[PDB]
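Participant: Would you mind keeping the following structure in view while I ask a few things?
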Amino acid sequence: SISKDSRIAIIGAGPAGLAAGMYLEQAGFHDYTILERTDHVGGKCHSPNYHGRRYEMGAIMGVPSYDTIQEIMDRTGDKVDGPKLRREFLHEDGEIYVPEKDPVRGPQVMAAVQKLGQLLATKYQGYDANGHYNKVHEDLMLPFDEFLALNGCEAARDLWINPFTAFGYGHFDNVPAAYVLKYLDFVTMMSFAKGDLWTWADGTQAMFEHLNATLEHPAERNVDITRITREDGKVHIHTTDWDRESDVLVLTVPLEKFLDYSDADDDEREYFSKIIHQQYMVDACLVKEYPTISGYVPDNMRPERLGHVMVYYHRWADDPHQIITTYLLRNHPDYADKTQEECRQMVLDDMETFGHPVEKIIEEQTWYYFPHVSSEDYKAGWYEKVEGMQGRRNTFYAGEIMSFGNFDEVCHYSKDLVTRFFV
Ligand SMILES: Cc1cc2nc3c(=O)[nH]c(=O)nc-3n(C[C@H](O)[C@H](O)[C@H](O)COP(=O)(O)OP(=O)(O)OC[C@H]3O[C@@H](n4cnc5c(N)ncnc54)[C@H](O)[C@@H]3O)c2cc1C
Ligand SMILES: [Cl-]
Ligand SMILES: [Cl-]
């Protein structure tokens, strides 16, 4: 256990760092400081303003089982109050189809879903635990498609792909099942399939800005950390404006990047070097022939269509001059990765093909997205190692790499970090 008097440095004012501060504070750890590199809080919950309304450059949605986020809202006073999500499906040629009504493929898919639900309820019990420290079944360490194939459930990929590949998380040929099924566990998949999805009028960012404000120590912003060292049982942080000592270090920032400004030991260097991530690019667009509904494009979710628009978000139905965001991936382990420029051109051409041509791109962002490890590295015990290192030289590891790249998962992980190590 850790002394309540400890000076605790939390790096990153995204959901993970903000949650860490919240749950530390509610456990009686009052001497924490959150250090944020940018001038803003919420990280990839990022909801900029346009014509009196906030649009989403990052996270958009939750589901009713996001219990930790509910706890945050309980604290902040925020309410789930955004516009209803609705979707149609488009082929890569822009034609509308209704796959749930396909009388051959539909049943095959839902039968596979049924079958997978029972394997999850019986054989793979534990799969849905937050984090990876409870070692998942070995089958879950395989790429999702391989995991499905082993169990005869390939068809279920049709349901699972839409809120996964399109949402930036990569491709089932390579992404381990462990990640997929921690995010899209059975209740979560059911909620999404049904459209029972939380959104916020003021943006996902708002409740995090509000959480920060409720904190006893709101985040320090514009903190440029040049160096962290950990001699003599302490943590020393060097920034461009000061350098100070803490007792405990909580990392919610990318761990491979941490290597470059830290006295990283051999294990840290070895293991964090294996972290891979996604290049998920979002374009905030003004369009003609305004869509009446969000569009998903499964055809463009295939690795062979890397860089094409996989989904676009219809957020403000009443105003045809409001922002439509588009979503595409720029990388895949087995395909040549795509440039920003050539992908920008695909946004334009695909949106035209869909009959919603772009008048203007007002904002573009390639995000550092979904840090994870390969199936091989997962099977080789990556998480047993790294979780084994928790508390080493008073350093604790958290954020997306330790759980999943979603704001409930990381917040939940931070909450549990306090329980596991601090209380
Ligand atoms: C387009 C898009 C769609 C998404 N959709 C959803 C969704 O619908 N549902 C969902 O649950 N999640 C979604 N997400 C994922 C979700 O937003 C993230 O998983 C969540 O924000 C992770 O929180 P975090 O604190 O772990 O990481 P981040 O949000 O990335 O926050 C990291 C923070 O650390 C800071 N930082 C980085 N480096 C340093 C440094 N050197 N020093 C100090 N500070 C540093 C950053 O500025 C940032 O504030 C989406 C994200 C994007 C981009
Ligand atoms: Cl104490
Ligand atoms: Cl949707």
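Letters A, B, ... go to the chains of the structure tokens in the order shown; residues in each chain start at 1; ligands are counted from 1 in the same order.
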Distance limit 8 Å, reference ligand 3, atoms considered: only C-alpha atoms and all ligand atoms. Which residues make the cut? Give them as number ranges by chain.

Facilitator: A: 85-87, 192, 195, 197, 294, 313

Participant: Keeping only C-alpha atoms, write those residues as a PDB file, in the first residue's frame.

Facilitator:
ATOM      1  CA  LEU A  85     -27.308   8.012 -33.597  1.00  0.00           C
ATOM      2  CA  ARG A  86     -28.829   6.449 -36.731  1.00  0.00           C
ATOM      3  CA  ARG A  87     -27.098   4.563 -39.538  1.00  0.00           C
ATOM      4  CA  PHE A 192     -24.474  -0.949 -30.373  1.00  0.00           C
ATOM      5  CA  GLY A 195     -28.574   1.787 -31.340  1.00  0.00           C
ATOM      6  CA  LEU A 197     -25.890   4.532 -27.523  1.00  0.00           C
ATOM      7  CA  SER A 294     -24.879   8.337 -40.785  1.00  0.00           C
ATOM      8  CA  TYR A 313     -21.051  10.884 -38.756  1.00  0.00           C
TER       9      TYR A 313
END

Participant: Can you list, as a PyMOL selection string, all residues belonging to range 145-328 of chain A that DSSP tags as strand (DSSP E or B)?

Facilitator: chain A and resi 176+198+220+225-229+235-239+243-246+248-251+262+276-287+294-296+311-314+324-328

Participant: Step one, run DSSP on the backbone; step two, keep only residues of range 110-310 of chain A assigned to alpha helix (DSSP H); then write them as a PyMOL selection string.

Facilitator: chain A and resi 110-121+144-150+157-161+177-183+186-194+204-214+255-258+266-272

Participant: Write out as a ChimeraX atom specification each polymer residue whose atoms come within 12 Å of residue 284 in chain A, counting only C-alpha atoms; drop sequence neighbours fewer than 2 positions from it.

Facilitator: /A:47-50,54-58,281-282,286-287,312-315,321-327,344,347-348,358-366
